[PDB]
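Chains as they are written, first to last, in the entry's author numbering: chain D, 315 to 571, 584 to 722; chain E, 315 to 570, 582 to 721.
Even for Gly, the Cβ is constructed at its ideal location relative to N, Cα and C.
Here's the structure, in structure tokens; my notes come after.
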Ligand SMILES: Nc1ncnc2c1ncn2[C@@H]1O[C@H](COP(=O)(O)OP(=O)(O)O)[C@@H](O)[C@H]1O
Ligand SMILES: Nc1ncnc2c1ncn2[C@@H]1O[C@H](COP(=O)(O)OP(=O)(O)O)[C@@H](O)[C@H]1O
């Protein structure tokens with residue numbers, strides 16, 4: 315297995331911004347808000363890698379919308395590009411205002427994978443995304459999402475995000491226990507994984523070839539539910555426990571009407599292009615994959631460039647609860663993906679909002695930068711250990 | 315019939331919500347509303363297991379929209395997550411403001427079934443929802459509803475409420491008295507119920523099989539209307555009363582092959598958004614033609630979703646189904662979708678619903694009684710040790 319020390323080293327960071335600078339910026343924010351109608355008092359300061367949260371306590375009689383509806387001018391008067399107003403902090407009584415820095419301390423991916431969370435993560439398909447607003451890494455299980463929407467306009471750090479997710483897959487699991495399927499309509503980025511041993515098909519450039527791939531995925535989900543009903547265990551983890559215990563206790567169980587089945591991960595670079603070229607049947611197949619495949623071990627990474635009702639329909643939203651929103655156009659597309667506002671106030675360059683599975687406030691996550699050096703190194707490191715193991719029934 | 319003591323006991327309550335803390339919270343509410351435009355004195359305090367109703371008397375000439383248009387800010391300036399404003403209390407001049415407590419008391423299901431109303435309940439299909447905002451247990455007959463909708467986003471406590479309803483069916487009804495048909499398009503929850511004699515069909519996964527099960531329900535409703543028109547008796551319970559009176563006096567009846586006592590079919594459908602996603606509008610017309618006529622035939626529905634959209638809950642569903650359960654939804658739009666009025670977005674999750682009674686009703690706020698998976702396994706095992714399964718080939 316390729317060790318995590320293949321990645322690029324850490325950086326002599328631009329650490330220790332002085333408390334006199336923090337006090338000057340806090341008094342500057344108090345004065346610039348006092349110049350408008352509102353009155354404020356900076357309570358605490360939380361300096362972070364990319365932005366800097368100013369937990370402010372508004373004065374008596376000041377609503378939150380009187381802080382929300384002037385964020386353009388609050389960002390303009392502070393000589394920054396865009397400021398973000400967290401309207402509620404869970405637990406305290408303070409409105410959160412998050413201001414970008416001058417020198418962006420860039421998040422590095424080896425600093426994310428060296429966490430206590432990732433190296434002790436029991437699952438076989440984790441996702442390292444990056445640090446949060448305070449510098450702590452966020453690694454959440456992709457087998458618990460159990461699907462993923464990714465959107466944001468161009469140049470907002472999205473192909474790097476999908477590559478960070480795929481490297482988060484590739485640093486932990488052997489091809490026996492996890493296994494990828496790559497659909498790449500714009501054959502520019504995901505052709506870099508050409509011939510890795512964690513695949514099933516050639517990296518799909520065509521479109522009807524991708525339709526055959528999705529029909530194979532539906533058939534695989536159906537035969538795995540029939541096989542788990544034959545064995546008599548609900549989900550994939552208990553089935554792998556049963557096929558472990560059969561191989562331990564003397565005699566394995568033969569193939570019923584066996585091995586450790588892999589956790590299939592079906593990624594899509596741009597499903598906007600798929601529902602451009604192929605049509606409604608791709609929408610129906612993605613709907614009936616994401617309807618049922620949580621217990622079967624088949625997952626989706628849907629990425630797109632158009633957070634619109636044309637691309638993201640209601641059927642896609644119904645089965646996929648977990649969203650990733652990078653910098654988008656405006657509040658219309660933010661309410662199209664996250665079903666709420668806030669995604670327009672980002673910075674790009676991999677500055678996402680991680681909506682957790684379920685209902686909650688979105689956690690702002692700065693996406694870890696990855697480079698072609700590391701990606702080519704990991705691809706060649708897996709091509710040394712394994713071979714192309716294609717089963718071409720997926721595309722027939 | 316299974317005894318009531320099969321469940322987990324009620325935990326030690328966290329009582330002594332002290333009157334000094336209630337008085338301090340009342341004065342803090344008066345001051346935090348006095349900081350805004352309004353002026354209001356707290357009249358009385360009603361404590362509860364989850365929230366706490368503060369009946370407040372507004373001053374002369376201050377409206378109620380000037381209380382309900384700043385619920386976000388009042389909940390921010392009281393260190394809570396969300397406040398709920400009852401705009402009208404029946405029979406008094408006060409306005410209900412309901413603040414969540416500091417320590418959530420989990421609602422114990424054995425406390426709910428130990429109510430005097432449930433044990434002295436007449437109808438063979440009751441539902442035990444939970445306690446209301448004061449601690450009074452809410453127990454609702456199903457055959458007077460005569461249908462049910464359940465909404466609420468992911469992670470809001472929908473499946474635990476559905477399991478509580480199905481155990482409320484289980485703890486009173488012998489299988490000749492009531493009988494279930496379950497449909498679950500996922501294997502998420504309702505696979506555990508497979509084995510009990512209260513099923514007719516095994517737990518339906520195939521949605522074409524689900525549509526044919528609903529067509530069987532249409533056909534069974536039609537043959538029950540034909541049999542009741544032959545017997546001359548209007549509803550199903552009247553028919554059971556007539557056949558019980560005839561079999562009491564030693565006079566056996568005949569079918570125009583001896584007549585028996587018909588059961589009360591309760592067709593639960595776990596997530597019908599996926600059902601109409603896969604099958605289509607045929608399902609919607611089947612649900613309409615069931616829910617029109619099924620009140621006198623004994624067929625009842627527990628529909629549930631995780632998407633209160635206009636594509637799913639159309640007018641065709643809301644025409645015949647007047648009883649609505651609304652858990653935590655995202656915004657005002659989905660609240661006005663299912664409850665046909667606002668208010669459902671101001672809830673707390675963790676199974677905290679708004680029971681809309683059938684007809685003219687200000688919606689009752691009911692806390693969902695919690696049931697763990699251990700009790701559900703225990704009741705399924707207690708039925709599988711008690712009675713034998715009885716299925717029907719004809720339904721498919
Ligand atoms: N965390 C980051 N730090 C620095 N640069 C980044 C980061 N994330 C992305 N970028 C840069 O932003 C560029 C545009 O992102 P990309 O996903 O290629 O846009 P698109 O979504 O149009 O494909 C990338 O080429 C990458 O170099
Ligand atoms: N009455 C309750 N009291 C406390 N917690 C509850 C209650 N009902 C549900 N929950 C919590 O909600 C979760 C169940 O939510 P669920 O109905 O599965 O939502 P979904 O079906 O959308 O996933 C459980 O993990 C449980 O902890």
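Verify whether the separation of the beta carbon atoms of residue i and residue j is less than 8 Å.
{"i": "residue 639 (chain D)", "j": "residue 609 (chain D)", "result": "yes"}
{"i": "residue 680 (chain D)", "j": "residue 443 (chain D)", "result": "yes"}
{"i": "residue 688 (chain E)", "j": "residue 648 (chain E)", "result": "no"}
{"i": "residue 474 (chain D)", "j": "residue 696 (chain D)", "result": "yes"}
{"i": "residue 571 (chain E)", "j": "residue 483 (chain E)", "result": "Between 570 and 582 the numbering of chain E has a gap, and residue 571 (chain E) falls inside it, with no coordinates."}
{"i": "residue 581 (chain E)", "j": "residue 422 (chain E)", "result": "The structure shown gives no position for residue 581 (chain E): in chain E, residue numbering passes from 570 to 582 with nothing in between."}
{"i": "residue 492 (chain D)", "j": "residue 438 (chain D)", "result": "yes"}
{"i": "residue 538 (chain D)", "j": "residue 457 (chain D)", "result": "no"}
{"i": "residue 499 (chain D)", "j": "residue 595 (chain D)", "result": "yes"}
{"i": "residue 470 (chain E)", "j": "residue 674 (chain E)", "result": "yes"}
{"i": "residue 355 (chain E)", "j": "residue 370 (chain E)", "result": "yes"}
{"i": "residue 467 (chain D)", "j": "residue 653 (chain D)", "result": "yes"}
{"i": "residue 461 (chain E)", "j": "residue 625 (chain E)", "result": "yes"}
{"i": "residue 485 (chain D)", "j": "residue 318 (chain D)", "result": "yes"}
Just to confirm the assignment, what range does the alpha helix (DSSP H) spanning residue i have?
{"i": "residue 381 (chain D)", "result": "379-382"}
{"i": "residue 442 (chain D)", "result": "Taken as a continuous stretch (DSSP letters only), residue 442 (chain D) belongs to no alpha helix (DSSP H), being part of the beta strand (DSSP E) at 440-445."}
{"i": "residue 333 (chain D)", "result": "333-349"}
{"i": "residue 430 (chain E)", "result": "430-433"}
{"i": "residue 424 (chain E)", "result": "423-427"}
{"i": "residue 710 (chain D)", "result": "698-711"}
{"i": "residue 609 (chain E)", "result": "606-618"}
{"i": "residue 524 (chain E)", "result": "521-545"}
{"i": "residue 400 (chain D)", "result": "Here residue 400 (chain D) belongs to no alpha helix (DSSP H); instead the beta strand (DSSP E) covers 398-400."}
{"i": "residue 662 (chain D)", "result": "657-663"}
{"i": "residue 557 (chain E)", "result": "550-562"}
{"i": "residue 603 (chain D)", "result": "597-603"}
{"i": "residue 395 (chain D)", "result": "From DSSP, residue 395 (chain D) is part of no alpha helix (DSSP H); its letter is neither H nor E."}
Counting along the chain, where does the beta strand (DSSP E) carrying residue i start and finish?
{"i": "residue 371 (chain D)", "result": "365-372"}
{"i": "residue 628 (chain E)", "result": "625-629"}
{"i": "residue 389 (chain E)", "result": "First-last for residue 389 (chain E): 385-390, but that is the alpha helix (DSSP H), not the beta strand (DSSP E)."}
{"i": "residue 693 (chain D)", "result": "689-693"}
{"i": "residue 410 (chain E)", "result": "409-414"}
{"i": "residue 492 (chain D)", "result": "492-497"}
{"i": "residue 483 (chain E)", "result": "Note, residue 483 (chain E): premise wrong, no beta strand (DSSP E); alpha helix (DSSP H) at 473-484."}
{"i": "residue 651 (chain E)", "result": "649-651"}
{"i": "residue 679 (chain D)", "result": "677-681"}
{"i": "residue 465 (chain D)", "result": "461-465"}
{"i": "residue 590 (chain D)", "result": "589-594"}
Can you list, in chain order, the residues of its chain whose CB lies under 8 Å from that of residue i, leaving out five sequence neighbours each side?
{"i": "residue 613 (chain E)", "result": "641, 642, 644, 645"}
{"i": "residue 532 (chain D)", "result": "611, 614, 615"}
{"i": "residue 717 (chain E)", "result": "514, 515"}
{"i": "residue 719 (chain D)", "result": "530"}
{"i": "residue 323 (chain E)", "result": "422, 424"}
{"i": "residue 617 (chain D)", "result": "645"}
{"i": "residue 548 (chain D)", "result": "542, 621"}
{"i": "residue 655 (chain D)", "result": "467, 633, 670"}
{"i": "residue 527 (chain D)", "result": "495, 497, 515, 518, 592, 720, 721"}
Go through its chain and collect everything with a Cβ distance to residue i's Cβ below 7 Å, but skip five positions before and after it.
{"i": "residue 585 (chain D)", "result": "557"}
{"i": "residue 524 (chain E)", "result": "497, 518, 600"}
{"i": "residue 378 (chain D)", "result": "401, 409"}
{"i": "residue 490 (chain E)", "result": "586, 588"}
Rounded to the nearest angstrom, how far is the Cβ of residue i from that of residue j, given a contact under 8 Å?
{"i": "residue 362 (chain D)", "j": "residue 447 (chain D)", "result": "5 Å"}
{"i": "residue 510 (chain E)", "j": "residue 705 (chain E)", "result": "6 Å"}
{"i": "residue 570 (chain D)", "j": "residue 545 (chain D)", "result": "7 Å"}
{"i": "residue 478 (chain E)", "j": "residue 694 (chain E)", "result": "5 Å"}
Near residue i, what residues of its chain come up, given a Cβ to Cβ distance below 6 Å and the 5 sequence neighbours on each side ignored?
{"i": "residue 405 (chain E)", "result": "none"}
{"i": "residue 400 (chain E)", "result": "410"}
{"i": "residue 331 (chain E)", "result": "361"}
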